[PDB]
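Breakdown of the fold
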Amino acid sequence: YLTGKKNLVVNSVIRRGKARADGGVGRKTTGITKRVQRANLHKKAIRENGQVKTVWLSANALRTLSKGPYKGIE
RNA sequence: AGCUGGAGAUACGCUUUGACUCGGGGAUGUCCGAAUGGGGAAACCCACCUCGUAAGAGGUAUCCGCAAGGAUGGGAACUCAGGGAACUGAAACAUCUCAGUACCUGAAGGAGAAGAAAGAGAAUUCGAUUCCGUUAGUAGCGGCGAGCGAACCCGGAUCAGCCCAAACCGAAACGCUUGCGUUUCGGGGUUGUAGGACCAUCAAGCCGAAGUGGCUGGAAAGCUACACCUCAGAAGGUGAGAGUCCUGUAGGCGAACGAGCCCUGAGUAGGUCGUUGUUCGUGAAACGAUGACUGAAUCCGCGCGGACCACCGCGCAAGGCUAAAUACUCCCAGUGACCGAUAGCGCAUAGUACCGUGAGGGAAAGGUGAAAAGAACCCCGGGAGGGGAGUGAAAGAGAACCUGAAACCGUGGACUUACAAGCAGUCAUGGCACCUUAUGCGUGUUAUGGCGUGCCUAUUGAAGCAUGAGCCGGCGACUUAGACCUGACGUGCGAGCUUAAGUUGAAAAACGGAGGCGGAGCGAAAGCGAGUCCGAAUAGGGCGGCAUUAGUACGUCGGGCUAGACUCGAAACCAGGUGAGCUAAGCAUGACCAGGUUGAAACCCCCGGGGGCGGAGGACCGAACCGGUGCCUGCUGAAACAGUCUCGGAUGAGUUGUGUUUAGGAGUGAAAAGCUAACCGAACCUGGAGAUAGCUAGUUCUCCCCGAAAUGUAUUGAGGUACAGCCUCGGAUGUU
RNA sequence: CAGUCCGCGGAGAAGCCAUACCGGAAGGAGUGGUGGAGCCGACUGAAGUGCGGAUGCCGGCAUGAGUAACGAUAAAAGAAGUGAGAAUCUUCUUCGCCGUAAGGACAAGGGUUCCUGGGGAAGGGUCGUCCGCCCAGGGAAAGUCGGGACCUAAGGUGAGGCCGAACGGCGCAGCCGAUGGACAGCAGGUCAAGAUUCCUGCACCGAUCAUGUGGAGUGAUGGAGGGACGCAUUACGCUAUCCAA
RNA sequence: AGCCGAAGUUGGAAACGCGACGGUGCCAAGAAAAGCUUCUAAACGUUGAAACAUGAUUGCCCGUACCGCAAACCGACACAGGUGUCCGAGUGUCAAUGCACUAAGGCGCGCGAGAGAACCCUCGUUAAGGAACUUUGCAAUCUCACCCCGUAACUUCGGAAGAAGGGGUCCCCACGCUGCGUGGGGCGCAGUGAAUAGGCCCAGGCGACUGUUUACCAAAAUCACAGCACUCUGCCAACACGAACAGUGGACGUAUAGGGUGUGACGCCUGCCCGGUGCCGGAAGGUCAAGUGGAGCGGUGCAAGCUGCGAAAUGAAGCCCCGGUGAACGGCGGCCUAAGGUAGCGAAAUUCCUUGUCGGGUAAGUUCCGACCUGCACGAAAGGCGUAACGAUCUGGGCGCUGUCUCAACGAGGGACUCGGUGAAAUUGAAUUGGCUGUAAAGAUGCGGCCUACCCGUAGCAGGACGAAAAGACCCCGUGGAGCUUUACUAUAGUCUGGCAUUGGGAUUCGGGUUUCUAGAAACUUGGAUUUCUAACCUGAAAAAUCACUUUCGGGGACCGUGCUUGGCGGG
RNA sequence: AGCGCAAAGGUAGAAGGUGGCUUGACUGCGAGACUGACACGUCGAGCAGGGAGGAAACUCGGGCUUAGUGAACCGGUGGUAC
Ligand SMILES: [Mg+2]
Ligand SMILES: [Mg+2]
Ligand SMILES: [Mg+2]
Ligand SMILES: [Mg+2]
Ligand SMILES: [Mg+2]
Ligand SMILES: [Mg+2]
Ligand SMILES: [Mg+2]
Ligand SMILES: [Mg+2]
Ligand SMILES: [Mg+2]
Ligand SMILES: [Mg+2]
Ligand SMILES: [Mg+2]
Ligand SMILES: [Mg+2]
Ligand SMILES: [Mg+2]
Ligand SMILES: [Mg+2]
Ligand SMILES: [Mg+2]
Ligand SMILES: [Mg+2]
Ligand SMILES: [Mg+2]
Ligand SMILES: [Mg+2]
Ligand SMILES: [Mg+2]
Ligand SMILES: [Mg+2]
Ligand SMILES: [Mg+2]
Ligand SMILES: [Mg+2]
Ligand SMILES: [Mg+2]
Ligand SMILES: [Mg+2]
Ligand SMILES: [Mg+2]
Ligand SMILES: [Mg+2]
Ligand SMILES: [Mg+2]
Ligand SMILES: [Mg+2]
Ligand SMILES: [Mg+2]
Ligand SMILES: [Mg+2]
Ligand SMILES: [Mg+2]
Ligand SMILES: [Mg+2]
Ligand SMILES: [Mg+2]
Ligand SMILES: [Mg+2]
Ligand SMILES: [Mg+2]
Ligand SMILES: [Mg+2]
Ligand SMILES: [Mg+2]
Ligand SMILES: [Mg+2]
Ligand SMILES: [Mg+2]
Ligand SMILES: [Mg+2]
Ligand SMILES: [Mg+2]
Ligand SMILES: [Mg+2]
Ligand SMILES: [Mg+2]
Ligand SMILES: [Mg+2]
Ligand SMILES: [Mg+2]
Ligand SMILES: [Mg+2]
Ligand SMILES: [Mg+2]
Ligand SMILES: [Mg+2]
Ligand SMILES: [Mg+2]
Ligand SMILES: [Mg+2]
Ligand SMILES: [Mg+2]
Ligand SMILES: [Mg+2]
Ligand SMILES: [Mg+2]
Ligand SMILES: [Mg+2]
Ligand SMILES: [Mg+2]
Ligand SMILES: [Mg+2]
Ligand SMILES: [Mg+2]
Ligand SMILES: [Mg+2]
Ligand SMILES: [Mg+2]
Ligand SMILES: [Mg+2]
Ligand SMILES: [Mg+2]
Ligand SMILES: [Mg+2]
Ligand SMILES: [Mg+2]
Ligand SMILES: [Mg+2]
Ligand SMILES: [Mg+2]
Ligand SMILES: [Mg+2]
Ligand SMILES: [Mg+2]
Ligand SMILES: [Mg+2]
Ligand SMILES: [Mg+2]
Ligand SMILES: [Mg+2]
Ligand SMILES: [Mg+2]
Ligand SMILES: [Mg+2]
Ligand SMILES: [Mg+2]
Ligand SMILES: [Mg+2]
Ligand SMILES: [Mg+2]
Ligand SMILES: [Mg+2]
Ligand SMILES: [Mg+2]
Ligand SMILES: [Mg+2]
Ligand SMILES: [Mg+2]
Ligand SMILES: [Mg+2]
Ligand SMILES: [Mg+2]
Ligand SMILES: [Mg+2]
Ligand SMILES: [Mg+2]
Ligand SMILES: [Mg+2]
Ligand SMILES: [Mg+2]
Ligand SMILES: [Mg+2]
Ligand SMILES: [Mg+2]
Ligand SMILES: [Mg+2]
Ligand SMILES: [Mg+2]
Ligand SMILES: [Mg+2]
Ligand SMILES: [Mg+2]
Ligand SMILES: [Mg+2]
Ligand SMILES: [Mg+2]
Ligand SMILES: [Mg+2]
Ligand SMILES: [Mg+2]
Ligand SMILES: [Mg+2]
Ligand SMILES: [Mg+2]
Ligand SMILES: [Mg+2]
Ligand SMILES: [Mg+2]
Ligand SMILES: [Mg+2]
Ligand SMILES: [Mg+2]
Ligand SMILES: [Mg+2]
Ligand SMILES: [Mg+2]
Ligand SMILES: [Mg+2]
Ligand SMILES: [Mg+2]
Ligand SMILES: [Mg+2]
Ligand SMILES: [Mg+2]
Ligand SMILES: [Mg+2]
Ligand SMILES: [Mg+2]
Ligand SMILES: [Mg+2]
Ligand SMILES: [Mg+2]
Ligand SMILES: [Mg+2]
Ligand SMILES: [Mg+2]
Ligand SMILES: [Mg+2]
Ligand SMILES: [Mg+2]
Ligand SMILES: [Mg+2]
Ligand SMILES: [Mg+2]
Ligand SMILES: [Mg+2]
Ligand SMILES: [Mg+2]
Ligand SMILES: [Mg+2]
Ligand SMILES: [Mg+2]
Ligand SMILES: [Mg+2]
Ligand SMILES: [Mg+2]
Ligand SMILES: [Mg+2]
Ligand SMILES: [Mg+2]
Ligand SMILES: [Mg+2]
Ligand SMILES: [Mg+2]
Ligand SMILES: [Mg+2]
Ligand SMILES: [Mg+2]
Ligand SMILES: [Mg+2]
Ligand SMILES: [Mg+2]
Ligand SMILES: [Mg+2]
Ligand SMILES: [Mg+2]
Ligand SMILES: [Mg+2]
Ligand SMILES: [Mg+2]
Ligand SMILES: [Mg+2]
Ligand SMILES: [Mg+2]
Ligand SMILES: [Mg+2]
Ligand SMILES: [Mg+2]
Ligand SMILES: [Mg+2]
Ligand SMILES: [Mg+2]
Ligand SMILES: [Mg+2]
Ligand SMILES: [Mg+2]
């Protein structure tokens, strides 16, 4: 489970292979030939709180952690 | 005052110092199971620690926390959430739909969710959330196709908003060059018409009014002659139909214990890239929502008003809690133009029997009689079965016990039949029999004469040698839904007509105008308006006048739509499971292969050759065993793949046990698409699911009237559809 | 089926059964016969409302028909018994059939099928007095055999630990897990039915304690050895066991 | 044994069992763990040890009946099927678990009795002939064990080989040797006297071979095989299973190894053609995404400003382009294409015309064999030509013998038939069910005429009932389905690539930024680029196997791995 | 004979041939009919604004006629100001 500690998340979306796009450029107005679902996540770090451990930590959570401890220390 | 479970059976007994039975608590409560001392193939194995006499009792899992003390699992449907189908429609099919449906998984409760505006919205209104009606199929989305589809206003059901961070005091512990600031505790402080600081009853139950004589009968509750009670004539039982026999009902009481109302939230608002929700499919695409990278502002401040800007309005996000109206119905009561033994739940009980290795599938159901009085006794028979006798109203009820239809099997009697050719009959005549709707224009039968291609379906055409069908019974197919559209008929009111949600009553229905339809049309729309669009003015289209054709709320019915949509019927597709106990291989570990034949190296002598010696081999022959080569038999089998005989191997790439691992687009395969539990070019089960079916078959009571078509054009069309053509019903017209 | 009337009914309802009667048809009456407890007629309302068909469904009964067969061509025959009844059950004497089996012992796996006494519906491809069927009652004995209170292979688990939308997927030690390692008795007897279990004879094992010798060193979840392993052939002795006189 | 209890000898045979964990040879190199024996650590003591002897005491749980190659298990059954392990006597026969008889033990298979038709199944003998039968000698003969003698073309020298072919086989006696051999006699038709117990030869095709396969219509020429070849892969290897920086397999292997592909022992060999396609190199130039850039074109405001578009240049892989590669996909012909067939073979498993022509073999040869070549439409590792040996392989021939046949006959048994007991099935519109000829949907019992036919059975046959069975698997149709294919379309796991994050100091060349100063350079970078560094990270060694600690530590290294996004490749 | 291409009709007072002028190869309309199931299609007098030729009557909203063509959706370009 990729739960990135404080603001844990794992997302999925559907994604669209759009054809020869013009849109407001011209008549070719994206035929949409692809409808398939995707996923994504994030990587790993190590931290301390109460007594030190190590946990997956969002890089955005690392950016918050370089500004000061938040509930748990770096 | 009986009790001693169903259970119907005997014996043993308990009870008026209160049994039983009913309500309420207590106390015991073996083992499995979240199972939790440890193991494990549930319900069984093996321990340790304190009590310590012993029999016996208590503790010994993990997660959160010092510590109390929580948690694990289960629950029919309902809720929220993390994932997320495919048939299907689109008459093909990708976007689309089917659908956030089915399904899986998580959390939880009697509900849940959501909820106290950085909102809807366009009146400078509204003031939490949920739910119904409506707005409304309006807006809108859509290969702008099939189709998908809001919200506000308004009307109801229910309506409660409450709490913390933060500026500031008191620290206290700790942090630094010296009356100061990181997270902890009390005070205080909770906002937008900006707020705030600091300075001026129901449970178990009891009581409960009132009828007797005669008659029929086996029996009284029926009939009948006189009565009585009624705050009670709801109902059920009693030998049949009971206000007055019972139990009850109306009414009334009813308990020790019993349940139940200077600050105002940043790694964030915002942005780019990928995406998505509401009607939102990149569309001009705002807004929320998050994966990645970034990254503001403070009250002369921030977000929104659907690209974007100014103005003008709505509102203060990045902290939390919050009943009720709402959903379901495992369970209880009540009720029914609901069923009544093929119906109704699968079950008048049973998730049993039975089928399956499994997941899982899955039945038939019934009836003495009032009461057992359930047939003493005798007869034939081992019986079984039966005949008497009795019981009983009935034994024309006797336990294969209500009725007891049809197929189908028999016994007896009338008429008939052994040179006849035959869809089983139809009319006629004669012969015989009989006379209970019945001496006749008779009933049963019959001889001869004439006549005469089963039924349905599908068809140009059916006796067909075209389909279906053994026969009788019984189940078995044009339905339901909706504030839908359209027509016919009927009714109320009528230039007006009517409610929906709900509210109050219910042995009964009234209120409820939000809202819908008529009243004006033309236009692409702004917009004009009996006129209007086209246009530079005149020519037209739709429209009113005129015939002002009257509408609307219901009911019934004909059609239409949407949804299984007249019933049955696919081969398939998808989801989550169940299966390697068959078979396909692997692994671990054990075991098995009579006997006989041949005689490799190597080693040792005589000159690569001879001798010895030795005992090798995917060597030879042949039993077990493993395997199936050819004929035959078997072919409703002895057997859902065999048997006799014959044949392949038979120390190797061998056979075989146990245990075990590998599976569904997946496994395994010395490779046939072979095997994966007896139908494998994608198992099985449950489900989606009544998939779709332009294809087939089937669609039952009667009579009256009318009466077709197989043509034309169009079509991923030709065996199918659309529009004409032809039929019919009604209205008008009025001889066309 | 429902509402409302009219009524009927143990001197007998519906239902069932005949029937020459009646309406234009779907149909409906009269009378008789079962039946034995509810029901007709009229008006209205609602429907799961009218069957010959669907290789339709549940059910019963036909035809084929007293036909094919009676499940290995290892044959059976006489006496005698029992008995309601015997080609078949019991016994006797011949006969024939298997004999690396068609004998015996185990494992599975089945679960009372075992033994005794009884029974005769149905199951037994005929019969049946019999049975592996029905009824009732007995039989099943372990310190040493197999397993467990020991061990480990594959495999499965698995505190910690590594991962992963969820459920979960892995995963060191340890643990489970026999098909393997380890380990103490044999000979005999016998219920109707048990046997290295019970009884008889005489052994072994471990454990506790006592008496004594000895009269002091024991000596771990750690080290070490060992347990510890293939195939084909093959020499020597021997037993089981069988042959001869 | 026996009528309570006798005897228990001599000779021989002999296990897979015991001694044993024996010897020897081989290569494919053959569990773990506790019990057990021996050591100390800690601890307990060293005048109530370890051990031994005797006595006593203790000995828990579960299983054990019966069936158990089958009437009691798996096959819906009292089922001809299967079912793992152990023991399984004797006579004879070289041997044996074989064959025949039989001990022990066990059983006659749960309808019987007649009869001796057709027909059918398993069988015995058969005149004369002998394959004439037929697709084919399919089937059934024939051959048959042991011993002696004798055996070809060919050969990889091992084999073909049991080649072929001939001879013996029994009983008695004497003699020799360790039951054999030597002589003699004897009996029959006959001497492995009964049972088990190879037919053989010549010549092809295909495959070398043993082997493997479509449970249940195909066992082969299919598949695999050693051998060969290409090609990849430097070790967290390529490669595969996988939500996964998890973990595994490859592999406790490391280029003499591992993966894939195709040929398929051995022998002689394996030619031509890089044009397309693939791939491997190159990478002057063409084109190519996001991103960097934002010159300009517009809105909207009085304006500050906000905001919609938006070029040029610069942007990777990749494709176009240029070489090459064939034991890569392939091509090697039609009165210009990249070339046009090197050897070898050829009427083929490939030959249409086709029974090609000639020869061979038979009286007669569409077959077959050998030559020829006019190869419709051979050919070199989708291998070409051979090959000994091998084959339940296919084809042609010949010997041998046969009821396959001319041509069937007689006999046996199990049915079939008759009687008694039990007693089904597929089917079935209903049947009072004829012949001809005509007619009708065009194949008449059923319509027309004409003929024939008393009622009913029973044993038989197989023409009719378009008989029976499975709503034709062939064909067509359905805007049905599914499996498979590819340069059909679309996506997409996977995979390559640029940029952003994890992700950092620094030197070193900097197209450039600012305040810095006599066109200029120190403080300094925003970056890019090589190069280098060790705190991020990855990885490995040490009593602490996976993991965490520390590491005198060791290596890589801001890459690799992972997150987002870009563009390509992508029948898996 | 000819009539731009295929043929049928038609045509000698021209539709054939040859010059002058110019664009009616117009905008807005459409009475009436033909034809088609629809949907499309054909012919069309005359009115407006304004042109062109002719001295005028008059003739011009394409070619002697019949073929020279594709609804609908989605978009490009110019106007317009809903
Ligand atoms: Mg989602
Ligand atoms: Mg009772
Ligand atoms: Mg437990
Ligand atoms: Mg447990
Ligand atoms: Mg469709
Ligand atoms: Mg589809
Ligand atoms: Mg659901
Ligand atoms: Mg759920
Ligand atoms: Mg829960
Ligand atoms: Mg009276
Ligand atoms: Mg009553
Ligand atoms: Mg976006
Ligand atoms: Mg679109
Ligand atoms: Mg029922
Ligand atoms: Mg019934
Ligand atoms: Mg049920
Ligand atoms: Mg049962
Ligand atoms: Mg009886
Ligand atoms: Mg009676
Ligand atoms: Mg009766
Ligand atoms: Mg009875
Ligand atoms: Mg009754
Ligand atoms: Mg009855
Ligand atoms: Mg006569
Ligand atoms: Mg006749
Ligand atoms: Mg007819
Ligand atoms: Mg026809
Ligand atoms: Mg027919
Ligand atoms: Mg039929
Ligand atoms: Mg509604
Ligand atoms: Mg009306
Ligand atoms: Mg008008
Ligand atoms: Mg109506
Ligand atoms: Mg109608
Ligand atoms: Mg309609
Ligand atoms: Mg269906
Ligand atoms: Mg061999
Ligand atoms: Mg040989
Ligand atoms: Mg096989
Ligand atoms: Mg052979
Ligand atoms: Mg499936
Ligand atoms: Mg696949
Ligand atoms: Mg199968
Ligand atoms: Mg569906
Ligand atoms: Mg048609
Ligand atoms: Mg029509
Ligand atoms: Mg007219
Ligand atoms: Mg009566
Ligand atoms: Mg009647
Ligand atoms: Mg009665
Ligand atoms: Mg009734
Ligand atoms: Mg019905
Ligand atoms: Mg019909
Ligand atoms: Mg029927
Ligand atoms: Mg039936
Ligand atoms: Mg017969
Ligand atoms: Mg018979
Ligand atoms: Mg038989
Ligand atoms: Mg006898
Ligand atoms: Mg006698
Ligand atoms: Mg007697
Ligand atoms: Mg009897
Ligand atoms: Mg006697
Ligand atoms: Mg046996
Ligand atoms: Mg057992
Ligand atoms: Mg017995
Ligand atoms: Mg007995
Ligand atoms: Mg009996
Ligand atoms: Mg019987
Ligand atoms: Mg017997
Ligand atoms: Mg025991
Ligand atoms: Mg003992
Ligand atoms: Mg043991
Ligand atoms: Mg695991
Ligand atoms: Mg084990
Ligand atoms: Mg064992
Ligand atoms: Mg032992
Ligand atoms: Mg005794
Ligand atoms: Mg015994
Ligand atoms: Mg051996
Ligand atoms: Mg003697
Ligand atoms: Mg053995
Ligand atoms: Mg251990
Ligand atoms: Mg026993
Ligand atoms: Mg037992
Ligand atoms: Mg069977
Ligand atoms: Mg059997
Ligand atoms: Mg033996
Ligand atoms: Mg023997
Ligand atoms: Mg012998
Ligand atoms: Mg034998
Ligand atoms: Mg036996
Ligand atoms: Mg017998
Ligand atoms: Mg025979
Ligand atoms: Mg002969
Ligand atoms: Mg001869
Ligand atoms: Mg012939
Ligand atoms: Mg032949
Ligand atoms: Mg053949
Ligand atoms: Mg043969
Ligand atoms: Mg030679
Ligand atoms: Mg030789
Ligand atoms: Mg020979
Ligand atoms: Mg002689
Ligand atoms: Mg002789
Ligand atoms: Mg002999
Ligand atoms: Mg013989
Ligand atoms: Mg071969
Ligand atoms: Mg062989
Ligand atoms: Mg086969
Ligand atoms: Mg075969
Ligand atoms: Mg790793
Ligand atoms: Mg090959
Ligand atoms: Mg030839
Ligand atoms: Mg040939
Ligand atoms: Mg060849
Ligand atoms: Mg010739
Ligand atoms: Mg030839
Ligand atoms: Mg080649
Ligand atoms: Mg080859
Ligand atoms: Mg050979
Ligand atoms: Mg072979
Ligand atoms: Mg031959
Ligand atoms: Mg004969
Ligand atoms: Mg005979
Ligand atoms: Mg008989
Ligand atoms: Mg009988
Ligand atoms: Mg004719
Ligand atoms: Mg005809
Ligand atoms: Mg006739
Ligand atoms: Mg007739
Ligand atoms: Mg026959
Ligand atoms: Mg069909
Ligand atoms: Mg078909
Ligand atoms: Mg298709
Ligand atoms: Mg990808
Ligand atoms: Mg892309
Ligand atoms: Mg495909
Ligand atoms: Mg002219
Ligand atoms: Mg005009
Ligand atoms: Mg004019
Ligand atoms: Mg003029
Ligand atoms: Mg424009």
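Looking at the method and resolution fields of the entry, one finds X-ray crystallography and 3.4000 Å.

By nearness alone, every residue bordering RNA strand D is listed as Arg15, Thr33, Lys34, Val36, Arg38, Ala39, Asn40, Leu41, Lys43 and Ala59. A share of 78% is what sugar and phosphate atoms reach among the atoms of RNA strand D within 4 Å of the protein. Between RNA strand D and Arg38, the relevant distance is 3.0 Å, taken from a phosphate oxygen to a side-chain nitrogen or oxygen of the residue. Between a sugar or linking oxygen of RNA strand D and a main-chain N or O atom of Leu41, the distance comes to 3.1 Å. Looking at the surface near RNA strand D, its residues break down into 4 nonpolar, 2 polar and 4 charged.

Taken together, the neighbourhood of RNA strand B is formed by 24 residues, with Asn11, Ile14, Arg16, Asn40 and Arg63 sitting nearest. Considering the 4 Å shell around the protein, atoms of RNA strand B inside it are sugar or phosphate in 78% of instances. Separating a phosphate oxygen of RNA strand B from a side-chain N or O atom of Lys18 is a distance of 2.9 Å. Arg63 has a polar side-chain atom sitting 2.5 Å from a base nitrogen of RNA strand B. The set of elements that each furnish at least two residues to the surface near RNA strand B consists of β1 (14-15) and α1 (59-65). Here the element with the most residues in the surface near RNA strand B is α1; it accounts for 4 residues. Partitioned by chemical class, the residues of the surface near RNA strand B number 7 nonpolar, 11 polar and 6 charged.

Calculation criteria
- Residues numbered from 1 in each chain as written, not as in the entry; some residues may be left out.
- Chains lettered and ligands numbered in written order.
- Part of a larger assembly, values for the part shown.
- Heavy atoms only, no water.
- Residues with missing side-chain atoms left out of burial classes, pairs and counts.
- Near = heavy atom within 4 Å.
- Polar contact = N/O pair within 3.5 Å; in protein donor to acceptor, adjacent residues only side chain to side chain.
- Nonpolar A, V, L, I, M, F, W, Y, C, P; charged D, E, K, R; others polar.
- Helix = DSSP H or I, 4+ residues; strand = E, 2+ residues; numbered from the N terminus.

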